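> Experimental structure and sequence below, a few questions after.
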Amino acid sequence: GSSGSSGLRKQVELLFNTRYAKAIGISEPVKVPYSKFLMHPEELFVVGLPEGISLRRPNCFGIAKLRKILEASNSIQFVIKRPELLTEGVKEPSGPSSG
């Protein structure tokens, strides 16, 4: 960043994380399962975001953008539709029989 470093990233994180908390009824900032919101943008998304900006890692974006978001923090909001997505993982397939 011009004259300094893109310290927004850290800020953004707090914003997103913080926002998420409210999405989970938490007071402190929590991690944001981007993927969950990525693979499930219809279920998990963010509202209030500025123009030409969405939900993504606070790095791919540009300082200007980062700021915008930070500027639209109060506006920003992590709306949850299907939290069941958050809780997901990988498992092994069941076999026919053993022996």
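Cool, the structure landed. Numbering: from 1, shown residues only.
> residue boundaries of the helices in the protein?
For the chain, applying DSSP state H gives helices covering 8-24, 34-39, 63-71.
> what would those look like in JSON lines with mean neighbour count?
All C-beta spots, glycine's among them, are computed from the backbone N, C-alpha and C. Listed next are these as JSON lines, based on neighbours: other C-beta atoms under 10 Å:
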{"stretch": "helix 8-24", "mean neighbour count": "18"}
{"stretch": "helix 34-39", "mean neighbour count": "16"}
{"stretch": "helix 63-71", "mean neighbour count": "17"}
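> Which of these sits closest to residue 84?
helix 34-39 (10.0 Å; C-beta to C-beta).
> contact partners of the closest one?
With contacts defined as C-beta atoms under 8 Å, 6 or more residues apart in numbering, helix 34-39 is touched by 43-46, 55-57, 85-86, 88.
> now, which of these lie within strands?
44-46 (DSSP state E).
> Let me know how buried the nearest residue to residue 74 once chain neighbours are set aside is, in neighbour terms.
Spatial nearest neighbour of residue 74, excluding adjacent residues (C-beta to C-beta, 6 or more residues apart in numbering): residue 48 at 7.6 Å. If you count neighbours by other C-beta atoms under 10 Å, residue 48 ends up with 14.
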